[PDB]
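K.L.:
Just passing along the structure, written as structure tokens.
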Amino acid sequence: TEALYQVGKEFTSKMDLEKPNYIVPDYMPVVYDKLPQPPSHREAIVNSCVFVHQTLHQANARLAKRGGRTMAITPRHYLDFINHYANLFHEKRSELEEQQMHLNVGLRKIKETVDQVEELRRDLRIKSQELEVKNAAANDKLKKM
Amino acid sequence: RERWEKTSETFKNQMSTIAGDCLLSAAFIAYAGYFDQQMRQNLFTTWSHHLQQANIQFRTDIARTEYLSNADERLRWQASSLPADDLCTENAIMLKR
Amino acid sequence: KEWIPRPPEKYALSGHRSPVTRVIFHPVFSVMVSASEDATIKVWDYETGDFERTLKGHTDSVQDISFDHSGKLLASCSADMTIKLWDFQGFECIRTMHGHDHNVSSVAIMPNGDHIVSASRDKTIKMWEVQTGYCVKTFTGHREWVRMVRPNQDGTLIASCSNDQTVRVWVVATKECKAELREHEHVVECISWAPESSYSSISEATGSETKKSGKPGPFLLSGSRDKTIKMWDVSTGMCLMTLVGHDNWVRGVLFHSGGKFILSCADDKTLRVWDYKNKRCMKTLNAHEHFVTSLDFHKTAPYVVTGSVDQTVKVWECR
């Protein structure tokens, strides 16, 4: 269990895994016996990762008791789990930033569109006011006749 | 603009559950490959409960198949005579990632 | 050293799709980093002018970036209400830092290499921890948008400029505005302090009298939209000289590595090199076809880098 925890800590150090407002539950499901008593968010994530690996061992034992076919659980499975965790976290976060970037630009274009639409209201009335005086002056001069 | 604003305000919430969602998704790809659907759910349920007891945020509304693949990939897979099944969809995901 | 930019340019790097907001020099490596408004941070090799990579972790327009003393970590601030810390070895975001409501304007790392400061529209300055990411203390007293914030050379004194025409100097331990300066005609935008290479040059260039300790005291400089550059004394709080001649708003100011001349950029589409010692050098250099946003001076290499609105970053030789 200690070996799994140290592998998780070292490999997941690159990822953020930081929650400043993390709340420690009263009954923490402690898997790693050497986990700090007030565990951080990063430590909690690694603790869950270790628990996931030990879950498969219990699952395989359940099949053997029932008489089903079981496959060996090896550290390579744990390495695959953390590799997938690192890749999925980077992929999901990167897509979210790109998606929100495009949405932020799109909304900015919309708010500039409505602003220019309001600008057209002021342009329209200036054109209308100029038209009213133009025909009024044209009629007045055309009537000097 | 209404839909984009709604998605923009929830962006902060979505970023909070990335660690929990990815952890469940990574475990499913690496571990749940060999087992049948009956225990793929059992393994997922046990992991989800542990995250809940550890106060780790994760989205419980989206399906794992929906999370790990897009509609275009699923449509392309169906064009390759992939059966329209959740377990078959999960298997195709593991054959890609 | 008499390093001076020259009208001929060397490389005109244009890879940004949005106006460039700031440019910095890597402390040790031959790396020049530029931040723009397309939420991307681009890395350049100023010696050969080759685009290296981009850091697209940010959401909205990136405002200010800063390195550390060792050049190992890169701190970034953007309009997405967050501070992002970058690991420069692998070029990934290792810690995203929230809070500090609304568009964050400036960010800097004290020479301690352990704490980070930031400024935003929320009329306050927040001090953070690089290791953990928790804002232990917050600076309040500015009544408007705080634009640009710099620390000292030993992580004890911090100056911040805001739209409220006030340049307030803060203290780490006491968290009080030791000196408040409210004398600028129009909005103050950029500030920078004085390295130890220039303290001696100020004494006889202004006639200032040494105190009982004899040390001239910490020095301040503030650039404002009123087309005036004014350098200030942190210890006392009075002016020594005002630099006038910029046609438009000034956006970036800093001291020459030798601490003898003044280099600044302004919205006048030109870069002005001014001498405060004798008012002899008033070199005005056309830099960009559009507004010039920020500039930087290499500590040892004879290179200067300027960022502009025209999506182009230029590097000038120093001779």
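Residue numbers start at 1 in each chain; chains themselves are named A, B, ... in the order of the structure tokens; ligands are numbered from 1 in the order shown.
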Check which residues of stretch 52-85 of chain B sit at most 12 Å from stretch 46-58 of chain A using only C-alpha atoms, and return one row each with the closest pair of atoms and their distance in Å to one decimal, ordered by chain and rising number, as a tab-separated table.

P.N.:
```
residue	atom	partner	partner_atom	distance
B:52	CA	A:48	CA	10.5
B:53	CA	A:48	CA	10.2
B:54	CA	A:48	CA	7.9
B:55	CA	A:48	CA	10.7
B:56	CA	A:48	CA	9.2
```

K.L.:
Residues of stretch 1-50 of chain A classed as alpha helix (DSSP H) by DSSP on the backbone are to be reported as a list in words.

P.N.:
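Those in stretch 1-50 of chain A that DSSP calls alpha helix (DSSP H) are residues 2, 3, 4, 5, 6, 7, 8, 9, 10, 11, 41, 42, 43, 44, 45, 46, 47, 48, 49 and 50 of chain A.
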
K.L.:
Take the residues from that selection and write them out as a PDB file, in the first residue's frame, keeping C-alpha atoms.

P.N.:
```pdb
ATOM      1  CA  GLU A   2       2.890   2.361   0.742  1.00  0.00           C
ATOM      2  CA  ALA A   3       4.476   1.562  -2.627  1.00  0.00           C
ATOM      3  CA  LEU A   4       1.232   2.380  -4.440  1.00  0.00           C
ATOM      4  CA  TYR A   5       0.858   5.654  -2.534  1.00  0.00           C
ATOM      5  CA  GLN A   6       4.389   6.831  -3.337  1.00  0.00           C
ATOM      6  CA  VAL A   7       3.887   5.985  -7.015  1.00  0.00           C
ATOM      7  CA  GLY A   8       0.653   7.972  -7.006  1.00  0.00           C
ATOM      8  CA  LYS A   9       2.234  10.964  -5.280  1.00  0.00           C
ATOM      9  CA  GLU A  10       5.180  11.101  -7.678  1.00  0.00           C
ATOM     10  CA  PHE A  11       3.234  10.565 -10.901  1.00  0.00           C
ATOM     11  CA  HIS A  41      -6.964  17.259  -1.630  1.00  0.00           C
ATOM     12  CA  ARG A  42      -3.961  15.829  -3.482  1.00  0.00           C
ATOM     13  CA  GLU A  43      -3.411  13.219  -0.770  1.00  0.00           C
ATOM     14  CA  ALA A  44      -7.111  12.328  -0.843  1.00  0.00           C
ATOM     15  CA  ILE A  45      -6.960  11.799  -4.614  1.00  0.00           C
ATOM     16  CA  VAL A  46      -3.984   9.449  -4.311  1.00  0.00           C
ATOM     17  CA  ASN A  47      -5.705   7.624  -1.448  1.00  0.00           C
ATOM     18  CA  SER A  48      -8.692   6.999  -3.715  1.00  0.00           C
ATOM     19  CA  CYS A  49      -6.320   5.777  -6.433  1.00  0.00           C
ATOM     20  CA  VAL A  50      -4.806   3.232  -4.038  1.00  0.00           C
TER      21      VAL A  50
END
```

K.L.:
Using only C-alpha atoms, which residues sit within 8 Å of stretch 76-89 of chain A once same-chain residues fewer than 2 positions away are excluded, as a list in words?

P.N.:
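These residues fall inside the cut-off: residues 4, 8, 11, 12, 15, 53, 73, 74, 91, 92 and 93 of chain A; 18, 19, 22, 23, 25, 26, 27, 29, 30, 31 and 97 of chain B.
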
K.L.:
I need the chosen residues saved as a PDB file, in the first residue's frame, with N, CA and C atoms.

P.N.:
```pdb
ATOM      1  N   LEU A   4       2.231   1.792  -3.553  1.00  0.00           N
ATOM      2  CA  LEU A   4       1.232   2.380  -4.440  1.00  0.00           C
ATOM      3  C   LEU A   4       1.055   3.867  -4.161  1.00  0.00           C
ATOM      4  N   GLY A   8       1.690   6.998  -6.713  1.00  0.00           N
ATOM      5  CA  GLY A   8       0.653   7.972  -7.006  1.00  0.00           C
ATOM      6  C   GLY A   8       1.095   9.397  -6.735  1.00  0.00           C
ATOM      7  N   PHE A  11       3.738  10.448  -9.540  1.00  0.00           N
ATOM      8  CA  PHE A  11       3.234  10.565 -10.901  1.00  0.00           C
ATOM      9  C   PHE A  11       2.184  11.661 -11.040  1.00  0.00           C
ATOM     10  N   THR A  12       1.369  11.878 -10.014  1.00  0.00           N
ATOM     11  CA  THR A  12       0.299  12.865 -10.068  1.00  0.00           C
ATOM     12  C   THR A  12       0.745  14.247  -9.613  1.00  0.00           C
ATOM     13  N   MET A  15      -0.030  17.039 -12.239  1.00  0.00           N
ATOM     14  CA  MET A  15      -1.397  17.533 -12.311  1.00  0.00           C
ATOM     15  C   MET A  15      -1.681  18.484 -11.156  1.00  0.00           C
ATOM     16  N   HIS A  53      -7.123   0.344  -6.774  1.00  0.00           N
ATOM     17  CA  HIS A  53      -6.315  -0.838  -7.060  1.00  0.00           C
ATOM     18  C   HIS A  53      -6.684  -1.996  -6.143  1.00  0.00           C
ATOM     19  N   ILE A  73      -3.994  -9.339 -11.214  1.00  0.00           N
ATOM     20  CA  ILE A  73      -3.894  -7.897 -11.039  1.00  0.00           C
ATOM     21  C   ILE A  73      -2.447  -7.572 -10.702  1.00  0.00           C
ATOM     22  N   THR A  74      -1.814  -6.769 -11.544  1.00  0.00           N
ATOM     23  CA  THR A  74      -0.394  -6.482 -11.465  1.00  0.00           C
ATOM     24  C   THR A  74      -0.152  -4.988 -11.312  1.00  0.00           C
ATOM     25  N   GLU A  91      -6.479  16.125 -21.064  1.00  0.00           N
ATOM     26  CA  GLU A  91      -7.374  16.245 -22.210  1.00  0.00           C
ATOM     27  C   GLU A  91      -8.660  16.970 -21.835  1.00  0.00           C
ATOM     28  N   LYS A  92      -9.295  16.556 -20.738  1.00  0.00           N
ATOM     29  CA  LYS A  92     -10.566  17.158 -20.349  1.00  0.00           C
ATOM     30  C   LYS A  92     -10.398  18.625 -19.980  1.00  0.00           C
ATOM     31  N   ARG A  93      -9.329  18.962 -19.257  1.00  0.00           N
ATOM     32  CA  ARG A  93      -9.100  20.358 -18.904  1.00  0.00           C
ATOM     33  C   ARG A  93      -8.816  21.200 -20.139  1.00  0.00           C
TER      34      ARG A  93
ATOM     35  N   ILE B  18     -13.432  17.791 -12.629  1.00  0.00           N
ATOM     36  CA  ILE B  18     -12.569  17.120 -13.595  1.00  0.00           C
ATOM     37  C   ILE B  18     -11.763  16.016 -12.923  1.00  0.00           C
ATOM     38  N   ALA B  19     -11.208  16.293 -11.742  1.00  0.00           N
ATOM     39  CA  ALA B  19     -10.386  15.299 -11.058  1.00  0.00           C
ATOM     40  C   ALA B  19     -11.201  14.063 -10.702  1.00  0.00           C
ATOM     41  N   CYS B  22     -12.363  12.244 -14.121  1.00  0.00           N
ATOM     42  CA  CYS B  22     -11.264  11.566 -14.800  1.00  0.00           C
ATOM     43  C   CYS B  22     -10.801  10.343 -14.018  1.00  0.00           C
ATOM     44  N   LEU B  23     -10.808  10.426 -12.686  1.00  0.00           N
ATOM     45  CA  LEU B  23     -10.371   9.294 -11.876  1.00  0.00           C
ATOM     46  C   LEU B  23     -11.273   8.087 -12.091  1.00  0.00           C
ATOM     47  N   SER B  25     -13.180   7.594 -14.782  1.00  0.00           N
ATOM     48  CA  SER B  25     -13.030   7.181 -16.172  1.00  0.00           C
ATOM     49  C   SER B  25     -11.732   6.414 -16.389  1.00  0.00           C
ATOM     50  N   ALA B  26     -10.641   6.866 -15.767  1.00  0.00           N
ATOM     51  CA  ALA B  26      -9.364   6.180 -15.928  1.00  0.00           C
ATOM     52  C   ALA B  26      -9.417   4.772 -15.352  1.00  0.00           C
ATOM     53  N   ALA B  27     -10.055   4.611 -14.191  1.00  0.00           N
ATOM     54  CA  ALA B  27     -10.163   3.290 -13.585  1.00  0.00           C
ATOM     55  C   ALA B  27     -10.968   2.345 -14.464  1.00  0.00           C
ATOM     56  N   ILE B  29     -11.335   2.352 -17.752  1.00  0.00           N
ATOM     57  CA  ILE B  29     -10.572   1.941 -18.925  1.00  0.00           C
ATOM     58  C   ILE B  29      -9.506   0.922 -18.544  1.00  0.00           C
ATOM     59  N   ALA B  30      -8.795   1.165 -17.443  1.00  0.00           N
ATOM     60  CA  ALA B  30      -7.667   0.315 -17.083  1.00  0.00           C
ATOM     61  C   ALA B  30      -8.096  -1.016 -16.478  1.00  0.00           C
ATOM     62  N   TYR B  31      -9.184  -1.037 -15.711  1.00  0.00           N
ATOM     63  CA  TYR B  31      -9.526  -2.191 -14.889  1.00  0.00           C
ATOM     64  C   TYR B  31     -10.760  -2.942 -15.366  1.00  0.00           C
ATOM     65  N   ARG B  97      -8.291   4.325 -26.279  1.00  0.00           N
ATOM     66  CA  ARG B  97      -7.511   5.045 -25.281  1.00  0.00           C
ATOM     67  C   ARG B  97      -6.568   4.134 -24.504  1.00  0.00           C
TER      68      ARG B  97
END
```

K.L.:
Determine, counting only C-alpha atoms, which protein, DNA and RNA residues have an atom within 9 Å of an atom of residue A:18; residues of the same chain fewer than 2 positions away are not included. Present the result as JSON, numbers by chain.

P.N.:
{"A": [15, 16, 20, 22, 40, 41, 42], "C": [95, 96, 132, 133]}

K.L.:
For the residues in that selection, give me N, CA and C atoms as a CSV table (one decimal), in the first residue's frame.

P.N.:
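Resulting contents of part_27.csv:
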```
chain,number,residue,atom,x,y,z
A,15,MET,N,0.0,17.0,-12.2
A,15,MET,CA,-1.4,17.5,-12.3
A,15,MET,C,-1.7,18.5,-11.2
A,16,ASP,N,-2.7,19.3,-11.4
A,16,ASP,CA,-3.0,20.3,-10.3
A,16,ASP,C,-3.5,19.7,-9.0
A,20,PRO,N,-8.2,24.4,-2.6
A,20,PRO,CA,-8.0,25.1,-1.4
A,20,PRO,C,-9.1,25.0,-0.4
A,22,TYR,N,-11.0,22.5,0.1
A,22,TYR,CA,-11.3,21.1,0.4
A,22,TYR,C,-11.8,20.9,1.9
A,40,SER,N,-4.7,16.4,2.6
A,40,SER,CA,-5.0,17.5,1.6
A,40,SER,C,-5.8,16.9,0.5
A,41,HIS,N,-6.2,17.7,-0.5
A,41,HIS,CA,-7.0,17.3,-1.6
A,41,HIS,C,-6.1,16.3,-2.5
A,42,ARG,N,-4.8,16.7,-2.7
A,42,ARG,CA,-4.0,15.8,-3.5
A,42,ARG,C,-3.8,14.5,-2.8
C,95,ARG,N,-0.6,24.7,-11.2
C,95,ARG,CA,-1.5,25.2,-10.2
C,95,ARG,C,-2.3,26.3,-10.7
C,96,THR,N,-3.7,26.1,-10.7
C,96,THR,CA,-4.6,27.2,-11.1
C,96,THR,C,-5.2,27.8,-9.8
C,132,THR,N,1.3,26.4,-1.7
C,132,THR,CA,0.0,25.9,-1.4
C,132,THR,C,-1.1,26.5,-2.3
C,133,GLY,N,-1.2,27.8,-2.4
C,133,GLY,CA,-2.2,28.5,-3.2
C,133,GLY,C,-3.3,29.1,-2.5
```

K.L.:
With a distance cut-off of 8 Å and only C-alpha atoms, select the neighbouring residues of stretch 19-33 of chain C, excluding the residue or stretch itself and same-chain residues fewer than 2 positions from it, and output the selection as an NGL selection string.

P.N.:
:C and (16-17 or 35-38 or 41-47 or 62-71 or 293-299 or 305-313)

K.L.:
Mind writing the picked residues with C-alpha atoms as a compact mmCIF listing (two decimals), in the first residue's frame?

P.N.:
```txt
# COMPACT_ATOMS: atom_id res chain seq x y z
CA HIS C 16 0.07 36.25 -32.03
CA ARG C 17 -3.45 36.60 -33.43
CA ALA C 35 1.80 37.50 -23.40
CA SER C 36 -1.11 38.52 -25.62
CA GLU C 37 -4.90 38.90 -25.55
CA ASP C 38 -5.69 35.56 -27.25
CA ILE C 41 1.56 32.68 -23.89
CA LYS C 42 4.23 32.36 -26.58
CA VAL C 43 7.91 31.57 -26.03
CA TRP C 44 10.61 32.97 -28.31
CA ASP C 45 14.39 32.71 -28.63
CA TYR C 46 15.40 36.35 -28.97
CA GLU C 47 18.91 35.44 -30.14
CA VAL C 62 -3.58 37.26 -20.54
CA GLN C 63 -2.59 40.53 -18.88
CA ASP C 64 0.73 40.18 -17.06
CA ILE C 65 3.40 37.50 -16.64
CA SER C 66 6.46 37.25 -14.43
CA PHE C 67 9.35 34.90 -13.68
CA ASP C 68 11.24 34.17 -10.46
CA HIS C 69 14.84 34.74 -9.44
CA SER C 70 15.84 31.28 -10.70
CA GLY C 71 13.70 31.43 -13.84
CA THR C 293 2.16 48.06 -25.20
CA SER C 294 5.17 46.96 -23.13
CA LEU C 295 8.95 46.65 -23.18
CA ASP C 296 11.77 44.99 -21.25
CA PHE C 297 15.53 45.33 -20.83
CA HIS C 298 17.86 42.35 -20.62
CA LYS C 299 19.97 42.29 -17.47
CA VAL C 305 12.06 43.52 -26.53
CA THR C 306 8.87 45.48 -27.21
CA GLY C 307 5.26 44.33 -27.51
CA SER C 308 2.56 46.22 -29.40
CA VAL C 309 -1.09 46.07 -30.39
CA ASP C 310 -0.17 45.14 -33.98
CA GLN C 311 0.25 41.43 -33.06
CA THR C 312 4.01 41.88 -33.53
CA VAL C 313 6.93 41.59 -31.10
```

K.L.:
Can you work out which residues from chain C touch chain A at a cut-off of 10 Å (counting only C-alpha atoms) and hand them back as a ChimeraX atom specification?

P.N.:
/C:38-39,56-61,80,85,87,90,92-98,132-135

K.L.:
So how far away is atom CA of residue C:162 from atom CA of residue C:196, in Å?

P.N.:
25.9 Å

K.L.:
List every residue of chain B that has an atom at most 12 Å from any atom of chain C, and for each one report the closest atom pair and its distance in Å to one decimal, counting only C-alpha atoms, with rows sorted by chain and then by increasing residue number, as CSV.

P.N.:
```
residue,atom,partner,partner_atom,distance
B:8,CA,C:59,CA,11.1
B:9,CA,C:80,CA,11.9
B:11,CA,C:59,CA,10.6
B:12,CA,C:98,CA,9.8
B:15,CA,C:96,CA,10.5
B:16,CA,C:96,CA,11.3
```

K.L.:
With only C-alpha atoms as the basis for distance, which of A:37, A:32, A:60, A:136 is at the shortest distance from chain B?

P.N.:
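Looking only at the distances to chain B, the closest residue turns out to be A:60.
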
K.L.:
What's the separation between atom CA of residue B:69 and atom CA of residue B:28, in Å to one decimal place?

P.N.:
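Between these atoms lies a distance of 13.5 Å.
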
K.L.:
Considering only C-alpha atoms, return as a list in words whatever protein or nucleic-acid residues lie within 9 Å of residue C:267, sequence-local ones (same chain, fewer than 4 positions apart) excluded.

P.N.:
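Within the cut-off, the hits are residues 246, 247, 248, 249, 250, 251, 290, 291, 292 and 293 of chain C.
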
K.L.:
Store the residues picked out above in a file with C-alpha atoms, as a PDB file, in the first residue's frame.

P.N.:
```pdb
ATOM      1  CA  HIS C 246       5.650  61.758 -24.700  1.00  0.00           C
ATOM      2  CA  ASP C 247       2.946  62.498 -27.260  1.00  0.00           C
ATOM      3  CA  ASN C 248       0.418  59.983 -25.896  1.00  0.00           C
ATOM      4  CA  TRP C 249      -0.207  57.740 -22.895  1.00  0.00           C
ATOM      5  CA  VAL C 250       2.809  55.878 -21.524  1.00  0.00           C
ATOM      6  CA  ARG C 251       2.417  52.131 -21.035  1.00  0.00           C
ATOM      7  CA  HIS C 290       0.346  50.816 -33.862  1.00  0.00           C
ATOM      8  CA  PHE C 291       0.277  51.426 -30.108  1.00  0.00           C
ATOM      9  CA  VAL C 292       3.285  50.074 -28.215  1.00  0.00           C
ATOM     10  CA  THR C 293       2.163  48.056 -25.200  1.00  0.00           C
TER      11      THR C 293
END
```

K.L.:
Which is closer to residue B:51 than all the others in B:79, B:95, B:24, B:32, using only C-alpha atoms?

P.N.:
B:24

K.L.:
Which of these, B:96, B:76, B:50, B:59, has the shortest distance to chain A once you count only C-alpha atoms?

P.N.:
B:50

K.L.:
How would you write, as a VMD selection string, the set of residues in stretch 24-220 of chain C that DSSP gives as strand (DSSP E or B)?

P.N.:
chain C and resid 24 to 25 32 to 36 41 to 45 50 to 55 62 to 66 73 to 78 83 to 87 92 to 97 104 to 109 115 to 120 124 to 129 137 to 140 146 to 151 157 to 162 166 to 171 177 to 182 188 to 193 219 to 220

K.L.:
Near stretch 230-232 of chain C, counting only C-alpha atoms, which residues have an atom at most 8 Å away, once you skip same-chain residues fewer than 6 positions from it, shown as a VMD selection string?

P.N.:
chain C and resid 219 to 223 238 to 243
